[PDB]
Amino acid sequence: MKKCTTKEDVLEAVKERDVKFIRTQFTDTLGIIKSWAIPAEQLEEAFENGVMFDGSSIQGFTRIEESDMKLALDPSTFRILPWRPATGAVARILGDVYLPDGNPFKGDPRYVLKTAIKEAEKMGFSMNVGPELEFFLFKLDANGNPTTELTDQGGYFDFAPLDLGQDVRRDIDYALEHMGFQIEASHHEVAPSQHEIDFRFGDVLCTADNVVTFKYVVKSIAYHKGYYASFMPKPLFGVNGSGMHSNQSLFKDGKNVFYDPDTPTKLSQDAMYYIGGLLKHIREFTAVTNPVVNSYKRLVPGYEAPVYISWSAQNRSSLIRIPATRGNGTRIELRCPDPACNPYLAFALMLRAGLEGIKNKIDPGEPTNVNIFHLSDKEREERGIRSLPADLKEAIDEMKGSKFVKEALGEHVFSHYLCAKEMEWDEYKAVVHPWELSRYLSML
Amino acid sequence: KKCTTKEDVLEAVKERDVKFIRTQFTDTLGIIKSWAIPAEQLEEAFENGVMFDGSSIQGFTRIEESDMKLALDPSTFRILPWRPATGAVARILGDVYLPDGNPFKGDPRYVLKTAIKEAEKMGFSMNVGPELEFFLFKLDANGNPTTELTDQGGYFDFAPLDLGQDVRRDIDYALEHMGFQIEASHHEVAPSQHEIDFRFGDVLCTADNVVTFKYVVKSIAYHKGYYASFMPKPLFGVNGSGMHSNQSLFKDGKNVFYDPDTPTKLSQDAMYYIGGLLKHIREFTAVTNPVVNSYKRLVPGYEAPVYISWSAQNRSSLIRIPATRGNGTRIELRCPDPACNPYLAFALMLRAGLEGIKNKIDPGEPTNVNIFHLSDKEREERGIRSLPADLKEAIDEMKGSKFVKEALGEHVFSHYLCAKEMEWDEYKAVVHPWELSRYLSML
Amino acid sequence: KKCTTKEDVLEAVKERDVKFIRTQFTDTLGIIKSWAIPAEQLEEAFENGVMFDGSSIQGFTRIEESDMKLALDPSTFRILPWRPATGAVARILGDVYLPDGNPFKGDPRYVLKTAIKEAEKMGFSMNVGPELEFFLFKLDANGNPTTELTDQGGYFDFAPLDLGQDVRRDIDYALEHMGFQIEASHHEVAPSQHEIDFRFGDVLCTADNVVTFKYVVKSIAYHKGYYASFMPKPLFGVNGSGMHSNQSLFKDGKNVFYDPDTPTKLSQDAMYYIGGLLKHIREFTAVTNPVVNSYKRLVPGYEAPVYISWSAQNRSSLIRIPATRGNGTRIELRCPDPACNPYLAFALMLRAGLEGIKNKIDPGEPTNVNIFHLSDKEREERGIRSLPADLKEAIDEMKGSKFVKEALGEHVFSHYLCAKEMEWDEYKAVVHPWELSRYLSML
Amino acid sequence: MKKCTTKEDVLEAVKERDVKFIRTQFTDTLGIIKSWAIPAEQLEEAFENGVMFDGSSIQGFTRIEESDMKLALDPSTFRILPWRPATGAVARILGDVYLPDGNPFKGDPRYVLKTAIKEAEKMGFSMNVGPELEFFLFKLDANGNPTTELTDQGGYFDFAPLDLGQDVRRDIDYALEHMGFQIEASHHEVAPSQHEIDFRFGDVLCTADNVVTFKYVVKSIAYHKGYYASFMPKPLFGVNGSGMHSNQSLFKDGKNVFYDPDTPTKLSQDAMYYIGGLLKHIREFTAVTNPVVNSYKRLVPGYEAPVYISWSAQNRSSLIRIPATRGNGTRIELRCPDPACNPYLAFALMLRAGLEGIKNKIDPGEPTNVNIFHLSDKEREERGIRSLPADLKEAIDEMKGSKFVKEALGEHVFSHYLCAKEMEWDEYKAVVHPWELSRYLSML
Ligand SMILES: [Mg+2]
Ligand SMILES: [Mg+2]
Ligand SMILES: [Mg+2]
Ligand SMILES: [Mg+2]
Ligand SMILES: [Mg+2]
Ligand SMILES: [Mg+2]
Ligand SMILES: [Mg+2]
Ligand SMILES: [Mg+2]
């Protein structure tokens, strides 16, 4: 590995490491990973004048017309991919999207996260994020297509699988380390064939880039060993779903502003306000953290995924959890998102909501130290404990009337995101599922 | 002939060689319930009633038993339209009584009777002619139901013309054997979809016939190798099956919906009846459209009503006024599907219209445009609301409805809602193959 | 077996034990439509008419209902040629009326009646004998239609001689048993192809029989394990199926087309009648050849005509004069296929021929040369035009035709064109396997 | 039909109805239905001298040696079977088993019920019984063997099935009525393809004979229409099991001794004592009412089968239930037995236990009007609510040390029953089931 800073740094590394193709990396509004290939010979001119490309690719499947846009490559994002083709090495690079008139394109989710970072800098804060990505490892069918066929029957923290799946699982870990991911931990998860990789706790912009890189790197490596890596929230009924727990904290003057040695919980007042802002707005952008119809098959009671809006320091099954670590490691964990979400939009909205809590001094209320799943509607109503949206349609409706989400995302991203999700829901709600035939065909 | 007394039924049992009597009733959710009585016990049954487990009326939300007595109604005795090897079979209905002697208020038939009583207090009787649409599918190798088609015909097509032509004819002839007096039978819009229109008659008699219709058609089709489906929407991309409910009020021989002196020839009370129906239809859509599959039919683009409006010209309105006037003046509510309990559905329709007449509920200007063609902005300008989009929303609308609670009684109200909530919670957690097709390769 | 009054029908229903009556009508596109009436309700139907959804006539382009009334014509009563165990079945036709009492102008049968009415203004009555060609195919294991051959015979061959010999005989017997008075039946050119020639009768009665013929032959074949197909061109490389229409005009009981002293013994009005047919045929080919598959039959090299011409010698001309003279003098239009709506096709043929007599339209000199053997420039000099080469071209020629719009009425005209356009817009986007076989490896 | 009283009655009916073969009917110790065929020509000599047969057939599968025994035919039990072979009519007949020395064989379960009836007559009581027999209707495989393939998917009191299964279901009802069973009701039961037939409330000895006749008549008729009738307690997991609810009451001087118009529940003191005796001894003979290993897959919480020892008048889910009917129809319903039990032994022990309650004035305690399934072990322990045996081994152990069951059954039946059930359990407990492979093969 190495750290590149100038374009001259990257151009040198291309020659000495025989990099033949550079892959751009970005995401559309919905989080789908987008890319195109540039020959390494073209790279020097790309750094000088940028690269024209069809920016309607960022709109998602709701793109109406073409839109010429410029990608200004960022040399510090240049990273060599962990596979070695016989032809030559391959690397990825990120960048900033500009309109023909020279202004940055506000529709790029990466730009949205960057303006959220700028709002934090105005109040003197920088945000660090450590995500915990759960995924499934399935077998491919005889034609190479993904299935939900299990690769092991192990459980939480099991040393599984121990067949050829042990090697692909180890190959995934090795390649992430080969790219400088600095993985914290990787283990088996609760559901069969389910796995977790814990990212290094680091800067939000760099971490968000790594989440996108993580997805296609794991998928490509699993693919080449005969397996499929799934980031579906809930691919299998009756077992755990896959979430993306998002640990986060704010820093100012190189000090963790969530830690206070004097207070009882050893948490500062800013952390309380940050939690309050998260609890105040979480319903309005659940459609961003849980973006697909399948997301709400995971957001059901009984499988470790939080469906009630609360915070606590003791039990994990709360929406917001405080890990025991204090001092510089003080953080709060938001446990609702799933790996289908766009990391740029999800991290940006978490930051904006938390910052909104700090600037308006939003009290988070008492923590709920009991397991809310053991309570009645009356007991929940007595304590005023609200639910997350029960399906994508409800989350869409809560996001449609949120002035907060519109300001944080911008009009272009806001309408394009909602329009795409509405078409997704309208298509889903009309489908006659086999479950309905099994229950009703004989009966009616 | 017509049966009126227990002596009429008993001699008909001797004369037609009836060996088995099947009782007929429904639970809260509309599932048809029955048990078999040997014909020789029929005399004792008329004299003392029949003890049975009334917990069968609860539906699948039953936990404890409850001894109940069925008092047979001799006028409901009817011989079933199939002739077994040894003796004919007949069905009979009755009134369910608690051991203390009071009528059981949880019986859906009793619920319709109280609604009839409410209309009688006002001097009205309700006539109902329902239009029942069903699908005719073939059976698989093991005799199990499928959704595999029997024809590719369309609206009013003379189809099927293969062996399916015979089973369709057999169904029509069986209903006529029972004295149904069908008005029409024809092919519907979707492939393998058929419709049978009932005679316009008294609501209590009609509701009894809808229940009888369902298992009679299913049994006749089964014994010919076919399956009759009353699912609201068994197939994607084609029409669903509804149960349009033409209804009318009569004040001792006169149709109160007719008025020769108004321009539309509809009376004021017909306008109020529509107003009450429109005011409350959201509150009991869970009764007219009771299963999860019901709301795959209530989607835009298939002539099933989605928006709440009335008209005399556009058919795709929630409430349609047919052209016929005079004695045949009626209004047609087009949202219900054949999965609904006809006793509860007709009772709530009657109460809502009666409430409109009592409270002079203006129905507003008719929507003479296709609301489907309009945009969401115009709908708000015209104040056009929608029917519930799924069973959960319909459950929530009914949950806080004083009108529905009073009309059904608190027994049926809670039992019906509890069953539907359990049904929804099971459905909502299922991971469907559609999700795998869309997201397994994408995420 | 001649029915004239409603009392004639009612007595025959009672004597022959008819239990179901089937109405018979067609929609705008020629699909046969029907609904069933129990015979007990037949007497009320004769007195008051039968209310039904008139949008069924509109085709598949319907969105809104329209309540209409069918006034039954007792002279069209006819018992169907199959005998259910329950009882006999009969068909009946009638006229469609709006609720206001006016005849519905959108019924194709009404469109034919107006052409008959305009012909009577000049003292003309039209007789037609249609020659209907169809295919007899096998059913697959599931009873679905296929194009599997039932014989390999040719023109006028005594084939098939296996069990297919019995179904062909059963078809002929069923038609004779129903009073059709078939003239001849024989094997057609293509394998498994068959032709049945109708008696020369009045246009209205003949048109009703063409509709009845189609579902009778269909049902009889189905119940023997075979499929009767009326597709124009179900099989590439062999003859298509046409519906040749021999027609003649009568005035004062004598044949208008016959003239004993003329060289060809053809009258001046016969020449004018052909001229009107030739002048307008391009404008309503979309009616005589209504489906996309119709123009796979209208390709050069087979019996189907693709060039607008007439002759008394060549077969392959669009219009041919049979050698028969006197009372049997007739002209034969050979372009239609059995998919056409007979009411609309016969009406437009009559109107076009009538416009020829009204306007003294000269038909030109006959083309006695096989036009297929000619170059494009040869036909250019002789003014020989061709039929539209696909459905879209036929639609465009009909779209801008004052003659067709007036003869059908603005409602039938609009609805027919809108449905056919939707048809073509679906077909034009399909990627066919032939394209895959030709271009996948090449490009 | 007709009622036969003398041997001359039966012999006449044989000639006029062309009965060609007579089938004896009895049961072994475990309830398996036993029979052998007698030609009708032999019948007259059979009434005169009896029929020698191998009485070790009554011992069950624990028969060690042969034992010559005599069957004295009972003419009043002669009944013509409801099928009509082309060869000739067929009838069944019961009788009494005698040893070569002329004494009745005490090992016949029918004798055991008869001595229980004699104990009731000593105290002036006669017992009436109405059983409710649940059974399943399954499809046969391609070779004609029983399966658990469903014939319908209907539920409680559904009008199902409506295909050819509607005819076999109706054929079963018709044939029972053709034999003079006088069926009270027949309906669909809770589980798919499950059905119930309610017997006429009548004399215990006659009713017990009918239960045995019912089983092979239903099975034979279902068999000849292509179906299988199953009396397994729990053939399918996750749905209801099949029970044999046993309604009963005592009569003296033609009056129902369970009815008292003066008491609050309108139940006499004898009924209270009768319930007390049943509750006192039910554990000791659960092995008789629930005799097979499969019986205790039904005796699990949650599927209408009672697992706790209690009585009540309101909720059915009690072990003993009082129906609402009073006066001459006053009865108590015992809901634990399943149709696998021997009716002679089960009815005899219920009678003996109830009579023991009356003679010792055993108070039944307060009724438990709450659903016991909603209670903790502590709440159940506080009210002293005991459980039924949890498996056949536990029931065997409770029966092995019961002086009451030994006296009521006799030594021969007692040891032979227990020895057979112990061998049944020893064979079962050693089997390695597929469930164990599914759970442990991958894990260990
Ligand atoms: Mg985890
Ligand atoms: Mg965590
Ligand atoms: Mg309809
Ligand atoms: Mg209608
Ligand atoms: Mg020909
Ligand atoms: Mg010809
Ligand atoms: Mg039961
Ligand atoms: Mg019971």
Side-chain angles (χ1 to χ4, degrees), chain A residues 134-173 185-197 218 221-223 225-230 232 234-242 297-298 302-304 438, chain B residues 429-431 433 436 440, chain D residues 141 145-150 232-239 241 292-303 390-394 423-444:
Chain A
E134 261 141 40
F135 65 95
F136 276 88
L137 217 47
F138 294 132
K139 288 163 126 80
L140 302 167
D141 70 20
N143 295 333
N145 312 309
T147 76
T148 50
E149 227 63 24
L150 301 181
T151 55
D152 70 73
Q153 277 138 282
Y156 200 44
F157 270 71
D158 270 34
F159 188 4
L162 289 166
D163 53 21
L164 271 193
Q166 167 180 7
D167 303 287
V168 64
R169 200 42 191 80
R170 187 206 314 119
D171 288 343
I172 281 159
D173 275 15
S186 80
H187 57 84
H188 205 285
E189 251 284 342
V190 168
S193 311
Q194 198 186 26
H195 302 261
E196 205 191 278
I197 284 162
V218 173
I221 276 160
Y223 255 127
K225 274 262 280 143
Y227 294 90
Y228 187 70
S230 177
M232 259 181 96
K234 188 91 158 195
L236 292 166
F237 176 86
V239 295
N240 261 33
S242 293
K297 313 309 172 72
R298 170 178 167 269
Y303 310 80
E304 177 134 81
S438 313
Chain B
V430 174
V431 178
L436 290 190
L440 185 59
Chain D
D141 70 20
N145 312 309
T147 76
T148 50
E149 227 63 24
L150 301 181
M232 259 181 96
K234 188 91 158 195
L236 292 166
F237 176 86
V239 295
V292 294
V293 170
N294 193 250
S295 295
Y296 303 82
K297 313 309 172 72
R298 170 178 167 269
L299 285 195
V300 298
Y303 310 80
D391 44 58
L392 183 66
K393 180 74 182 117
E394 202 196 318
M423 285 176 72
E424 174 169 340
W425 179 257
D426 281 351
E427 175 182 349
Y428 168 75
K429 79 155 146 59
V431 172
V432 176
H433 304 296
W435 181 93
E436 300 173 63
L437 288 190
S438 313
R439 179 185 208 72
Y440 303 122
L441 190 61
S442 268
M443 151 208 295
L444 296 184

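In what follows, every chain begins at residue 1, and chains take the letters A, B, ... in the order their sequences are listed.
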**Request:** Determine whether A:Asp173 and A:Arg169 make a side-chain contact, defined as any pair of heavy atoms from C-beta on separated by less than 4.5 Å.
**Result:** yes

**Request:** Decide yes or no for A:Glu189 and A:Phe135: does some side-chain heavy atom of the first lie under 4.5 Å from some side-chain heavy atom of the second?
**Result:** no

**Message:** Can you give me the closest heavy-atom contact between A:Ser242 and A:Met232, atom names plus distance?
**Reply:** CB-O, 3.6 Å

**Fill in**
Between the OH atom in A:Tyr227 and the OG atom in A:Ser193, the distance rounded to the nearest 0.5 Å is 10.0 Å

**Fill in**
Taken to the nearest 0.5 Å, the spacing of A:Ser230 OG from A:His195 NE2 works out to 12.0 Å

**Asked** So does A:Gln153 have more than 12 non-hydrogen atoms from other groups sitting under 6.0 Å from CD?
**Response** no

**Residues A:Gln166, A:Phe159; criterion side chain to side chain contact (heavy atoms under 4.5 Å, CB included); working and verdict** = CA-CA 9 Å; A:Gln166 167 180 7; A:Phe159 188 4; 4.1 Å; yes

**Prompt:** Got a donor-acceptor contact below 3.5 angstrom from the D:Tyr303 side chain to the D:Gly241 backbone?
**Reply:** no

**Asked** Any donor-acceptor pair under 3.5 Å linking the side chain of D:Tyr296 with the backbone of D:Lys393?
**Response** no

**Message:** Among residues at least two apart in sequence or on other chains, which ones pass side-chain contact (heavy atoms from CB on, under 4.5 Å) with D:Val239?
**Reply:** D:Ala191, D:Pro192, D:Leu236

**Request:** State which residues pass side-chain contact (heavy atoms from CB on, under 4.5 Å) with A:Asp171; sequence neighbours excluded, sorted by chain then number.
**Result:** A:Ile221, A:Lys225

**Prompt:** Looking only at heavy atoms, which two atoms of A:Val168 and A:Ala222 are closest? And how far apart?
**Reply:** CG2-CA, 3.9 Å

**Prompt:** How would you list, by chain and number, every residue that makes a side-chain contact (heavy atoms from CB on, under 4.5 Å) with A:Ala160, sequence neighbours excluded?
**Reply:** A:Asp152, A:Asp158, A:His188

**Message:** Suppose we screen for ring-ring contact (aromatic ring centres under 6.0 Å, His included). Which residues come up paired with A:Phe136, at least two apart in sequence or across chains?
**Reply:** A:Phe138

**Request:** Determine whether more than 12 heavy atoms belonging to other residues, nucleotides or ligands lie under 6.0 Å from atom CE of D:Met423.
**Result:** no

Identify every side-chain donor-acceptor pair in residues 430-437 of chain D under 3.5 Å, counting partners at least two apart or on other chains, and give the distances.
from: D:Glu436; atom 1: OE2; to: D:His433; atom 2: N; distance (Å): 3.2

**Item:** Where at least one partner belongs to residues 134-144 of chain A, residue pairs that pass side-chain hydrogen bond (donor to acceptor under 3.5 Å, both in side chains), sequence neighbours excluded
**Value:** A:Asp141-A:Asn145

**Prompt:** If every non-hydrogen atom of D:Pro235 is compared with every non-hydrogen atom of D:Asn294, which pair is closest and at what distance?
**Reply:** N-OD1, 4.1 Å

**Asked** Out of curiosity, A:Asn240 CG to A:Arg298 CZ, how far, rounded to the nearest 0.5 Å?
**Response** 9.0 Å

**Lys/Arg N to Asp/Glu carboxylate O, A:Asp167 vs A:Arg170, below 4.0 Å** = yes

**Request:** With the side chain counted from C-beta on, respond yes when A:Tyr156 and A:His187 share a heavy-atom pair under 4.5 Å apart, and no when they do not.
**Result:** yes

**Prompt:** Do any N or O atoms from the side chain of A:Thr151 and from the backbone of A:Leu137 form a donor-acceptor pair under 3.5 angstrom?
**Reply:** yes

